[PDB]
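All values below were derived from every heavy atom in this structure, side-chain atoms included, with hydrogens, water molecules and symmetry-related copies excluded. Every number for a ligand or one of its atoms is a count from 1 in the order of the listing. Chain letters run A, B, ... following the sequence lines, proteins first and then strands; every chain starts at 1.
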2 protein chains.
Amino acid sequence: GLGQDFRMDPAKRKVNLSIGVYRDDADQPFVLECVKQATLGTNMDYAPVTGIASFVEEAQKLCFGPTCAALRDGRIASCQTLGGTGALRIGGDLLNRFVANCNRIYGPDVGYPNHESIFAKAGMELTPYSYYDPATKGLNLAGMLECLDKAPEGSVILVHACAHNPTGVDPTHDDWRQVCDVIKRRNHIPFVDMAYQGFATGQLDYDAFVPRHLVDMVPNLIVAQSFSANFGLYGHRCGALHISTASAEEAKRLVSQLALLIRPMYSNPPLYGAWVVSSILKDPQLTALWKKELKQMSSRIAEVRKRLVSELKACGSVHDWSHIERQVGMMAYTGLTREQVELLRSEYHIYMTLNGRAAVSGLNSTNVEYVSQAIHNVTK
Amino acid sequence: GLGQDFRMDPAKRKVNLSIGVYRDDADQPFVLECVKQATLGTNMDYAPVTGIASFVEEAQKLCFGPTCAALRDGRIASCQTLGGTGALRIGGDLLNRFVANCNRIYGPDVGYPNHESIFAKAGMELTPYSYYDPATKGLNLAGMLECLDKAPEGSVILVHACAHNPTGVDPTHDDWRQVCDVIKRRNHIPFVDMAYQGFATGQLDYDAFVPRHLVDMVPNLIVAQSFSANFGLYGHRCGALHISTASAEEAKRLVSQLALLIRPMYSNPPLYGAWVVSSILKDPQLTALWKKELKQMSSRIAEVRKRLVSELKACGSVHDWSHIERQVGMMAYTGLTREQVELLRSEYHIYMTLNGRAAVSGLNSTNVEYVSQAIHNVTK
Ligand SMILES: Cc1ncc(COP(=O)(O)O)c(C=O)c1O
Ligand SMILES: Cc1ncc(COP(=O)(O)O)c(C=O)c1O
């Protein structure tokens with residue numbers, strides 16, 4: 001992380017657009033009011049290996065919603081995990097229990113850096129499908145669909161549910177309907193990384209469209225669910241893993257196998273996050289409060305994207321920045337070149353990674369004008 | 001399993017001696033006052049991959065002593081882990097990656113069951129050395145020494161620092177001096193599981209003799225350190241891994257390799273327990289209180305062992321129970337036979353595992369007389 005150089009930078013006017021976590025308009029970490037009001041347990045005894053049971057139940061219901069048949073019929077195997085990262089790893093380690101010939105996983109051509117190592121450790125080579133279009137800083141749907149169609153039948157296909165990291169480029173629900181048809185027809189196994197449900201657009205149901213739509217279409221769906229961003233619980237390491245199966249008996253056999261993976265890795269998961277999420281989701285008042293706060297976070301991110309674009313136009317930039325508003329979530333592929341990123345750092349002390357990814361959570365009312373002028377100056 | 005059957009058991013007068021965690025004399029979970037008085041962080045941001053730096057620093061000093069030469073020279077590589085379990089796993093994964101033909105590890109013939117699966121996941125087969133003497137319910141030192149001397153040069157040797165789980169049988173410091181001489185002479189790699197420092201005898205320096213004694217004797221010492229029992233932080237999953245090396249340069253490179261193992265496992269470790277331990281160990285008031293609370297927990301366990309033996313004699317048992325007082329910690333190998341354990345359950349509703357292990361943390365002033373009479377009855 002570029003944090004060290006930013007911190008060491010003596011310049012009076014500097015901006016860190018490399019951060020990985022939410023910040024409010026005052027550039028402060030943001031502890032949710034619903035999290036402050038959550039009730040903790042009183043016992044520090046170990047949780048069960050598969051997690052606090054009420055937490056896992058609420059995580060399932062939040063992921064799949066109130067009218068999910070799979071959930072009703074008990075055919076989903078689930079557990080608490082060490083954030084979304086733990087779910088990706090434990091899920092990856094579980095895949096050979098139900099996927100034949102399981103040595104490859106397909107992910108978007110521009111994707112989340114840690115995915116490669118996670119799945120390598122689990123015995124699978126991450127291989128790309130067409131996804132990001134650098135000319136438009138947007139989606140290459142035709143390319144995605146063709147790659148999925150040509151992949152061997154029974155391939156594992158990694159997809160981001162929403163707020164694609166690092167580009168911010170998300171397919172529409174129309175686009176996802178086409179994607180899921182290919183996944184079903186080719187008998188592929190979807191592995192959904194859902195790290196930003198509710199955080200992405202402020203709408204929990206909309207943001208969970210991809211796992212909810214797939215769970216009825218395929219024999220097995222995997223979902224890695226993170227509570228880091230949407231509850232602001234990052235460092236407490238709170239997530240869940242879900243695998244759908246044909247029957248409650250199949251799900252039970254997979255939960256036993258989950259336990260055999262968890263116990264010799266970390267024995268059992270940390271209490272704090274699970275207490276907080278379970279407390280909030282079982283309380284109507286706290287749940288309502290949480291939903292209001294989700295919208296506050298998602299609206300601020302959306303509005304600062306919109307403000308960046310409008311300020312760029314006000315500065316006199318003649319280039320097109322509409323991708324910044326089309327993209328969703330904290331991470332934006334700006335389209336700035338390596339040279340331009342290097343100039344923003346040297347000349348303006350604005351820090352972002354060399355791929356032109358900007359963490360827009362670092363943008364706010366007090367610096368968006370400065371950053372816009374800088375981006376105009378290095379691109380004009 | 002047993003715990004479920006216990007909880008399901010209708011019997012009004014029943015005792016669970018199969019638990020894994022400390023209980024006070026009222027049979028309640030026990031949160032330490034020093035933990036209640038600790039100051040938590042305010043920011044829920046992710047910790048560094050290797051953990052909260054102040055916690056890791058305090059963990060090192062607590063393990064090796066503040067004046068440790070290895071520590072002053074910076075030649076110990078350390079990181080925060082998910083309890084002692086995570087330190088065992090990461091340590092094993094590191095050994096198997098970097099030590100040639102490291103596909104085996106030697107552990108005590110009666111040992112902690114999860115050790116076998118932890119090291120199996122790391123690609124290392126756990127194989128026994130003579131340790132427990134069933135005739136005496138005590139130590140077989142000559143057998144241990146002979147086994148360690150015969151193991152191939154450069155073997156990984158797993159040892160419990162104190163409060164051996166599940167037997168309670170510990171070598172004395174005199175004995176450990178003999179063990180460590182063999183380990184040095186044979187160029188073995190010691191892997192110390194220190195799950196109970198201070199919790200074991202109430203004396204933090206005494207309980208850390210094994211790693212402190214070894215760290216100046218061998219080129220590489222590995223220590224898995226748990227804060228679950230000695231801070232009562234079980235479910236918050238707080239531990240540390242330490243690996244000594246020839247130099248600070250080697251240590252720094254090793255820490256880099258730990259990060260490569262951690263990141264695709266769970267990205268970074270949970271804040272809460274690290275906050276608590278760092279807070280306590282940096283505050284003189286909290287540290288002094290913690291030491292007294294540890295002495296009180298350790299003394300309660302020692303005193304109820306003593307009381308079981310004295311009540312067994314009062315009941316009229318003519319058998320020898322001195323092993324119960326010689327053993328150290330929460331776990332006692334009682335020497336009850338399988339049939340005797342089964343009758344304890346069926347006639348007296350006292351629950352132990354069939355190997356005759358009793359968790360004496362489940363014994364207290366309100367049930368020790370009952371349990372003594374029951375144990376007398378089934379062995380007379
Ligand atoms: C796409 C994606 N997957 C997984 C993760 C890891 O999330 P967690 O902190 O819950 O492990 C992140 C968060 O940075 C992410 O952006
Ligand atoms: C000997 C031993 N090693 C390791 C562990 C695992 O401890 P932790 O909860 O810190 O992962 C235990 C605790 O039960 C243990 O008894």
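Sorted by first and then second residue, the pairs that involve residues 159-169 of chain B and meet side chain to side chain donor-acceptor pair (under 3.5 Å), not counting sequence neighbours, are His164(B)-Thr167(B).
For the residue pair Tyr46(B)/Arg237(A), the side-chain donor-acceptor check at 3.5 Å is not satisfied.
Judged purely by atom type and a 3.5 angstrom limit, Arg263(A) has no side-chain atom pairing as donor or acceptor with the backbone of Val49(A).
Aromatic pair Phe6(B)/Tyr351(B): ring centres closer than 6.0 Å.
Residues forming a ring-ring contact (aromatic ring centres under 6.0 Å, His included) with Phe231(B) (at least two apart in sequence, or on another chain): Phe227(B), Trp290(B). Remark: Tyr272(A) engages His236(A), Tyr272(B) in a ring-ring contact (aromatic ring centres under 6.0 Å, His included) (not counting sequence neighbours).
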When you check ligand 2 against the protein, what N or O pairs turn up below 3.5 Å? List the atom names and distances, or just say none.
residue  : atom   : partner   : partner atom : Å
ligand 2 : 3 (N)  : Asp193(B) : OD1          : 3.2
ligand 2 : 3 (N)  : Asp193(B) : OD2          : 2.6
ligand 2 : 9 (O)  : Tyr46(A)  : OH           : 2.6
ligand 2 : 9 (O)  : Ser228(B) : OG           : 3.1
ligand 2 : 9 (O)  : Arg237(B) : NH1          : 3.1
ligand 2 : 10 (O) : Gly84(B)  : N            : 2.8
ligand 2 : 10 (O) : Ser226(B) : OG           : 2.5
ligand 2 : 10 (O) : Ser228(B) : OG           : 3.0
ligand 2 : 11 (O) : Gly84(B)  : N            : 3.3
ligand 2 : 11 (O) : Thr85(B)  : N            : 2.9
ligand 2 : 11 (O) : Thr85(B)  : OG1          : 2.6
ligand 2 : 11 (O) : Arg237(B) : NH2          : 2.9
ligand 2 : 16 (O) : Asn165(B) : ND2          : 2.7
ligand 2 : 16 (O) : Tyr196(B) : OH           : 2.7

